[PDB]
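Colleague: Experimental structure and its sequence below.
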Amino acid sequence: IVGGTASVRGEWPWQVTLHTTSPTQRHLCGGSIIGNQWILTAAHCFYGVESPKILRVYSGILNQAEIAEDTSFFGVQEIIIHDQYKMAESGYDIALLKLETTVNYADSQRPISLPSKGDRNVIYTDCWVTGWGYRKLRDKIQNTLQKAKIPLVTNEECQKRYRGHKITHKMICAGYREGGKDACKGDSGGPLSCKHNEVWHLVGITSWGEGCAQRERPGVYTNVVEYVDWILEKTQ
Ligand SMILES: NC(N)=NCCCCNC(=O)[C@H](Cc1ccccc1)NC(=O)c1ccc2[nH]c(=O)cc(O)c2c1
């Protein structure tokens, strides 16, 4: 996260850190708890991942330093990538991780609500992006989970900023005209969480953008409300 601040322990209890153990263990991507056995994340995170056996999901983490060889984790039974996914920039950048065991919910770890199809008309004014990613384009994975408040921008406005791309209705954009706050490398797969009527909703999945936090280059996120039928279908 560029231009953010450290999170409070437990304030984003749906946020997980997905690790790979190959060749040695490291953070791979963010993700969100959406059900007892289910993490929602980005499809592009699994480039070159041949097997779910190299994955570990850690929940209830603030600092990466909490994760040691003796720290408990959730195994991944199945990676489910959207069948129309080809690459992040062309959309469908969405994946489900079916966990080997179920998450026991607590103040440190609990699911985020998916948006309702009836909330497409809602104007979210309280949206946050979170993760352990770089704080500049050229950086490293951070110890402490970072957060940044970022305004949504219209698809028409976003499309103006990405003339070489097609910004579809299955994408959603967020950023400041002047830049300065954005997701960056290592934040992908994590949530864009918007608070509305005292309830947090998983509005976006961190997907792509041109560099990080640049002027007139909003972040692009998977528009989660467009995938609620897919999620239901795949989680049955
Ligand atoms: N809003 C904007 N401006 N962009 C959207 C966010 C940036 C997207 N890229 C990303 O977030 C990559 C995508 C990716 C995922 C998995 C594997 C490889 C690449 N992430 C990374 O490049 C990435 C992921 C995990 C990492 N772990 C480490 O220990 C060291 C790293 O340098 C590292 C880098």
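Modeller: That came in fine, so what should we check first? Numbering: from 1, shown residues only.

Colleague: For the nearest residue to residue 45 once chain neighbours are set aside, the count of nearby residues, please.
Modeller: In space, and not counting its chain neighbours, residue 45 is closest to residue 29: 3.8 Å by CB to CB, 6 or more residues apart in numbering. Yep, even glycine has a C-beta here, placed from its N, CA and C like the rest. A total of 27 residues lie near residue 29 under the criterion other CB atoms under 10 Å.

Colleague: Report the backbone C-alpha coordinates of the helix or strand containing residue 29 in CSV.
Modeller: Using DSSP states H and E, residue 29 falls within strand 26-35. The C-alpha trace of strand 26-35 is given here as CSV (Å, rounded to 0.1, in the frame of the first residue of the first chain):
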residue,chain,number,x,y,z
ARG,A,26,6.9,-16.0,1.4
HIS,A,27,3.8,-13.8,1.1
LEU,A,28,2.2,-14.2,-2.3
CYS,A,29,-1.1,-12.3,-2.2
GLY,A,30,-3.9,-10.9,-0.1
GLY,A,31,-7.4,-12.4,0.1
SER,A,32,-10.7,-12.1,2.0
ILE,A,33,-12.6,-14.6,4.1
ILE,A,34,-16.1,-14.8,2.7
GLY,A,35,-17.2,-18.1,4.2
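
Colleague: I'd like to know which elements it is packed against.
Modeller: strand 15-20, strand 38-41, strand 199-208 (3 or more CB pairs under 8 Å, 6 or more residues apart in numbering; DSSP states H and E).

Colleague: and residue 173, what does it touch?
Modeller: By CB atoms under 8 Å, 6 or more residues apart in numbering, the contact set of residue 173 is 152, 153, 154, 155, 157, 158, 161, 167, 218, 219, 220, 221.

Colleague: A strand includes it, no?
Modeller: Yes. If the criterion is DSSP: H, G, I helix; E, B strand; the rest coil, then residue 173 is within a strand.

Colleague: So what pairs up with it in the strands?
Modeller: residue 153, residue 220 (DSSP bridges).

Colleague: Please give me every residue in contact with the most centrally placed residue in the chain.
Modeller: The centre of the chain sits closest to residue 190, judged by CA atoms, centre = their mean, with a distance of 1.6 Å. With contact set as CB under 8 Å, 6+ apart, residue 190 has these partners: 15, 29, 30, 31, 32, 41, 129, 130, 131, 183, 205, 206.

Colleague: Rebuild the contacts of residue 173 as a markdown table, extending it with distance to residue 198.
Modeller: Output for the contacts of residue 173, formatted as a markdown table (distance: CB to CB, whole Å):
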| residue | distance to residue 198 |
| --- | --- |
| 152 | 19 |
| 153 | 24 |
| 154 | 25 |
| 155 | 27 |
| 157 | 28 |
| 158 | 28 |
| 161 | 32 |
| 167 | 30 |
| 218 | 27 |
| 219 | 25 |
| 220 | 28 |
| 221 | 23 |
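
Colleague: Many thanks, I have nothing further to ask.
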